[PDB]
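Worksheet: one structure, shown below.
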Amino acid sequence: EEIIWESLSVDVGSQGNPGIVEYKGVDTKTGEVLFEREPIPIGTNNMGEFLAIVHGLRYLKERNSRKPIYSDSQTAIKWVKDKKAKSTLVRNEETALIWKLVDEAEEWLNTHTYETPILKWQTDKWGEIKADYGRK
RNA sequence: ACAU
DNA sequence: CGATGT
Ligand SMILES: [K+]
Ligand SMILES: [Mn+2]
Ligand SMILES: [Mn+2]
Ligand SMILES: [Mn+2]
Ligand SMILES: [Mn+2]
Ligand SMILES: [Mn+2]
């Protein structure tokens, strides 16, 4: 209903899906870019959305921030709640890196705690999430 | 049918 | 038009 401006917004960007994947996190109130992941040669949109949320959790935890996180990805929000990224991407030599990062992100979720609310950014009501890459 |  | 997901 109401945007919680005191929050962190995250999003994936890609070149192809599957394709080159990156993500970033921004201050929802200002749009200041707070973190950016170096592009990963092959991944899916949903793996990147997932990595973005988990990086957000780790970012906020390290700084002792109780801000919520916004993501526009129903899939990734669920994967984080489940602590399991049910990606269909083949595991091969090409996808080894993204799968390592995903597996490690899951491992982090299974060994740490957080109270960070993970909230759905309501794109249909509010427009693109502020971390969007402006490519669509 | 909804979310990317 | 193609793909990733619940
Ligand atoms: K969107
Ligand atoms: Mn997104
Ligand atoms: Mn795993
Ligand atoms: Mn986007
Ligand atoms: Mn367009
Ligand atoms: Mn489009």
Side-chain angles (χ1 to χ4, degrees):
Chain A
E1 174 68 10
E2 198 82 341
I3 295 171
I4 300 166
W5 290 105
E6 185 176 314
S7 64
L8 171 67
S9 293
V10 303
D11 200 16
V12 71
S14 83
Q15 300 160 246
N17 185 34
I20 302 171
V21 168
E22 60 201 302
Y23 65 74
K24 64 178 154 170
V26 305
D27 186 316
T28 308
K29 182 154 42 195
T30 66
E32 180 192 356
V33 180
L34 302 175
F35 55 79
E36 267 181 313
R37 166 67 209 200
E38 177 179 296
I40 299 143
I42 300 292
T44 68
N45 62 328
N46 292 324
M47 298 169 103
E49 295 273 21
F50 170 79
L51 294 175
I53 295 172
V54 175
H55 193 79
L57 292 171
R58 300 180 67 171
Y59 175 92
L60 293 174
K61 186 175 183 78
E62 176 82 17
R63 285 157 193 70
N64 295 314
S65 173
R66 289 171 52 79
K67 283 170 187 179
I69 293 171
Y70 276 116
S71 163
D72 60 34
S73 172
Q74 180 181 309
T75 293
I77 292 168
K78 184 178 186 293
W79 285 0
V80 172
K81 182 192 186 183
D82 296 340
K83 306 189 170 193
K84 171 63 181 189
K86 257 178 53 186
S87 175
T88 70
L89 188 65
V90 63
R91 286 184 185 261
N92 57 32
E93 219 167 308
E94 250 55 73
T95 66
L97 179 52
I98 190 78
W99 264 118
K100 183 164 183 294
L101 295 172
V102 170
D103 284 335
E104 288 170 349
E106 294 170 335
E107 177 62 30
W108 188 89
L109 295 172
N110 284 322
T111 49
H112 298 75
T113 65
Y114 65 86
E115 301 184 23
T116 304
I118 299 170
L119 309 176
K120 178 69 173 69
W121 180 264
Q122 293 182 50
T123 306
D124 57 341
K125 297 180 181 75
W126 304 337
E128 295 299 325
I129 197 169
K130 273 213 187 167
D132 177 57
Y133 281 76
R135 299 166 171 175
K136 303 190 307 296

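For the numbers below, each heavy atom of this structure counts, side chains included, while hydrogens, waters and symmetry mates do not. Just so we're on the same page: letters track the sequence lines, and every chain starts at 1.
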Exercise. Within this structure, what is the CD-to-P distance between A/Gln74 and C/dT4, rounded to whole angstrom?
Worked result: 17 Å
For this session: With heavy atoms under 4.0 Å as the rule, sort A/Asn45 into base, sugar-phosphate or nothing.
Result: base
Exercise. Quick one: A/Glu49 CD to C/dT6 P, roughly how many Å, whole number?
Worked result: 13 Å
Exercise. Looking only at side-chain N and O atoms, does A/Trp79 come under 4.0 Å of OP1 or OP2 in C/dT6?
Worked result: yes
Problem set entry | Exceeds 12 heavy-atom contacts within 6.0 angstrom, atom CD of A/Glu6 | no
Exercise. To the nearest Å, how far apart are A/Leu51 CG and C/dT4 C1'?
Worked result: 14 Å
Exercise. So do A/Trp79 and A/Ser87 actually touch side chain to side chain, heavy atoms under 4.5 Å?
Worked result: yes
Exercise. With a 4.5 Å limit on heavy-atom distance, are the side chains of A/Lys61 and A/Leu57 in contact?
Worked result: no
Problem set entry | Six-ring centre of A/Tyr59, A/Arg63 cation under 6.0 angstrom, axis tolerance 45° | yes
Problem set entry | A/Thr44 side chain near C/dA3 phosphate (N/O to OP1/OP2, under 4.0 Å) | no
For this session: Please report, rounded to the nearest Å, how far the P atom of C/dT4 is from the NZ atom of A/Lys78.
Result: 18 Å
Exercise. Rounded to the Å, how far apart are A/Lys84 NZ and C/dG5 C1'?
Worked result: 14 Å
Problem set entry | Selection from C/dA3, B/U4, C/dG5 that lies nearest to any side-chain heavy atom of A/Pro18 | C/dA3
Problem set entry | Whole angstrom value for the distance that separates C1' of C/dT4 from CD1 of A/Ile77 | 15 Å
Problem set entry | A/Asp82 CG to C/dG5 P, straight-line distance once rounded to whole Å | 14 Å
Exercise. Cation-pi between A/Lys24 and A/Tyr133: NZ/CZ under 6.0 Å from ring centre and within 45° of the ring axis?
Worked result: yes
Exercise. NA contact type, A/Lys136, heavy-atom cut-off 4.0 Å: base, sugar-phosphate, or nothing?
Worked result: nothing
Exercise. Does a nitrogen or oxygen in the side chain of A/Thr123 sit under 4.0 Å from OP1 or OP2 of B/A3?
Worked result: no
Problem set entry | A/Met47 CE to B/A3 P, straight-line distance once rounded to whole Å | 23 Å
